[PDB]
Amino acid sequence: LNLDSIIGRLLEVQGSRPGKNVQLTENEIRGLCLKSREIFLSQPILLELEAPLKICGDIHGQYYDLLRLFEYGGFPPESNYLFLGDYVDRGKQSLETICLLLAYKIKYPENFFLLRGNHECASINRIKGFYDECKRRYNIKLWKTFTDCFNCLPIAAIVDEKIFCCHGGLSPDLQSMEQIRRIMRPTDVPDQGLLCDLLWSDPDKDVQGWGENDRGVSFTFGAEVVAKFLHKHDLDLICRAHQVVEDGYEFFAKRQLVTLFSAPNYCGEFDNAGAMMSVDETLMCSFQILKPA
């Protein structure tokens, strides 16, 4: 696997008009999947990370915005990174996006981290774009190879014992962090239970306790659920993604939870920026923002 050649070709299009493709070979992409999969399985499913680091939310195949994020934050390994999932679907360049992310995971496996989002799941990305992209530009055998890799992604991260990170949110079944560590891989995402909620749930200002989720799966949770979770586990902050927010980032429950969304101009109902969160050496949080076009 010539990792450096792959990274060079993916970065070659920096400064081109957005949309210009990078077409790796089928064998190169398969190697990225197989090697990254082995690294995911060798590291814990509940990551324990240290700041300083940069944290990104949803990318959804917006490859040229991923390149901008790295331009603002520093290309790996100049900065350490944690991504919260949803790399594929909706955008026009899911393939370039996930290939660069997997290449950097293999190149800097202790300084670059990827969590699983609800779109890293074959039942979802079959219908939301990634299957179609693979079939058009490669073949369905490669889509299955991607699925096998996605099924091994870690689920959550704790930064410096104070910031709990996952794609979706909390679960009524989350009583101990050991419940996350016990989840075995490879796994698909179930349509209910702890792993489902970690990838699908949402905070909601109008809900007391646990509520129904308009997505049709999992739950909503209120501000008091957050405070009790933070107190019980001695945490300062929940950092999650999964929901489009107009400013790219959005605080909840008196800044005890933050939502990050890193794909600008994602949505037709309202403009949105994309944001990346900087966590410094004292765990202070600040933001770098891709403003809407």
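Sequential numbering from 1, following the sequence displayed.
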(request) On mean C-alpha B-factor from the PDB entry, just flag whether 223 to 231 or 41 to 49 is the higher one. (result) 223 to 231
(request) Could you check the entry and say whether 170 to 178 or 96 to 104 has the higher mean CA B-factor? (result) 170 to 178
(message) Given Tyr138, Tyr131, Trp210, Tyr81, identify the residue with the highest C-alpha B factor in the PDB entry.
(response) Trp210
(message) By the CA temperature factor listed in this entry, which of these ranks top: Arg116, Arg126, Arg90, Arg215?
(response) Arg215
(request) Among all modelled residues of this chain, ranked by Cα B factor, put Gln192 in the bottom, middle or top third, i.e. lowest, middle or highest. (result) highest
(request) Using the B-factors in the PDB entry, rank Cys267's C-alpha atom against the chain and give the third, lowest, middle or highest. (result) highest
(message) Where does the C-alpha B-factor of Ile238 rank in its chain, lowest, middle or highest third?
(response) middle
(request) Just say lowest, middle or highest third for the CA B-factor of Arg30 relative to the other modelled residues in its chain. (result) middle
(message) Please place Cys149 in the lowest, middle or highest third of its chain according to the CA B-factor in the PDB entry.
(response) middle
